[PDB]
Structure formats: structure tokens, C-alpha cells
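Novice:
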Amino acid sequence: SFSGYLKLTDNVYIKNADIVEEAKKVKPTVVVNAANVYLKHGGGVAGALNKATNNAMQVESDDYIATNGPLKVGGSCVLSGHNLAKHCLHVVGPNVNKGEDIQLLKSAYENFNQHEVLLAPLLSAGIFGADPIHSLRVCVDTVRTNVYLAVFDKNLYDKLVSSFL
Ligand SMILES: NC(=O)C1=Cc2ccccc2OC1
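For reference, each letter of the sequence shown is one residue, going 1027 to 1191 in the UniProt record's numbering.
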């Protein structure tokens, strides 16, 4: 199962790790993707997860968008996890660098509650522009299911653990 995670709360765990390498190792039931409404997996976690699937995740995502239209900011969809997980939960956190409502971050984390255990990144962190300390706070105050957070950046991981209330 998941190893080397620091326990933050009864249900939230965290590790300084590459989510692609973590997914390839564990092969979780659910890996969360930090998606945009168009499921265009260009950069950040999305670009990395998609590249690990040899672009199979983008091919599948484009078929999903052609059929269903775009997701909502704060929304999600369950697609295949490919070589990374059984499923990929594509969750759209608000992108602050696109003027999107940071209040949507709680709605985005609520999607995790539909899955008993998930491997996930901090929503709206990184290239999405939100404060990762705020994202972790929203995560532990919203998610009730078991969430194993992979934080790529070592220095950010240390700051998150050392500042966690
Ligand atoms: N496996 C990889 O190539 C990467 C992992 C990663 C992890 C988090 C965010 C962005 C990333 O981009 C590159």
C-alpha cells in the first residue's frame, strides 16, 4: 500500500513525492489529476500524468469532451487511470492565474468524498496559482475520505508540514 506518508489528520496523509512515480509504484484505485475544464493535460501534474500514459489519457479526454462538453470549475469526471491507477478522477480546481473564484476550491475537494481512498496532488497549487498552505487547509477541512497527498516540491513539502495547524 502507500508508504512513507506523514499523518496530518485522521484521514489526510502527505509525502514529498512525484505523483507519477507514486502512482506507478502503488497502482492506487484512484489517482487525482489537477485538470482544467477542457481536460487539456498540457503542464503541471496533468502534463506529467498524461505523459506517463504515453498520451492515452489525452486521447480518452478529448473523446470525453467531444461527447460531454467541458467540466465546470469545481467539478470532476472519472476516467481510466491507464498504467497509473484503476481510475483517474479529473478534478478542476480554480486557476487563480485565470481569475477563477478561489471559493471553488472547497467544491473541487468535495469531489474526493465520492472515493474511499485517493492518491492526489494539492488542488489549485503549482501552476494553478493558489497558496498551497490554503489548499492543504481546505483539503483537511473538506475531505472526509482517505487522501494521500503527493507534493512534488521538497521545500514546499517542508513548509506545508512545518506550518500545518
Ligand atoms: N514525472 C514527471 O515527469 C513530473 C512529475 C511532476 C509532479 C508534479 C508536478 C509536475 C510534475 O512534472 C514532471
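Idealized CB from N, CA, C, for every residue including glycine.
Using three-state DSSP, classify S1027 as helix, strand or coil.
Specialist: Residue numbering aside, residue 1027 sits at position 1 when the sequence shown is read from its first letter. Looking at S1027 - three-state DSSP - the assignment turns out to be coil, as it is neither helix nor strand.
Novice: Let me know the secondary structure DSSP gives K1112 once reduced to three states.
Specialist: On the sequence shown, residue 1112 is found 86 positions in, with the first residue counted as 1. Residue state, collapsed to three classes: coil.
Novice: Taking the alpha carbon of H1108 as the point to measure from, which residue in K1132, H1141 and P1054 has its own alpha carbon closest?
Specialist: Within the sequence shown, residue 1108 is the residue found at index 82, counting from 1. Considering only alpha carbons, the answer is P1054.
Novice: Would you call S1087 buried or exposed, if buried means 16 or more other Cβ atoms sit within 10 Å of its Cβ?
Specialist: If you number the sequence shown from 1, residue 1087 lands on position 61. Buried is the call here.
Novice: Out of curiosity, what's the CA-to-CA distance linking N1123 and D1179?
Specialist: Walking along the sequence shown from the start, residue 1123 turns up at place 97. Walking along the sequence shown from the start, residue 1179 turns up at place 153. When rounded, the distance between both Cα atoms is 20 Å.
Novice: When you measure from the CB of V1071 to every non-hydrogen atom of ligand 1, does any distance come out below 6 Å?
Specialist: Residue numbering aside, residue 1071 sits at position 45 when the sequence shown is read from its first letter. Correct: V1071 has its Cβ closer than 6 Å to ligand 1.
Novice: One question on the structure: do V1058 and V1118 come within less than 7 Å of each other, judged by their Cβ atoms?
Specialist: Position 32 of the sequence shown, counted from the start, is the residue given in the question as residue 1058. Position 92 of the sequence shown, counted from the start, is the residue given in the question as residue 1118. Going by C-beta atoms, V1058 is not nearer than 7 Å to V1118.
Novice: Go ahead and label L1148 buried or exposed: buried means 16 or more other beta carbons lie within 10 angstroms of its beta carbon, across all protein chains shown.
Specialist: In the sequence shown, residue 1148 corresponds to position 122, counting from 1. It is buried - the Cβ of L1148 has at least 16 other Cβ atoms within 10 Å.
Novice: Figure out for me which residue from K1050, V1056, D1044 and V1046 has the closest Cα to the Cα of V1173.
Specialist: Residue numbering aside, residue 1173 sits at position 147 when the sequence shown is read from its first letter. It is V1056 whose Cα lies nearest to the Cα of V1173.
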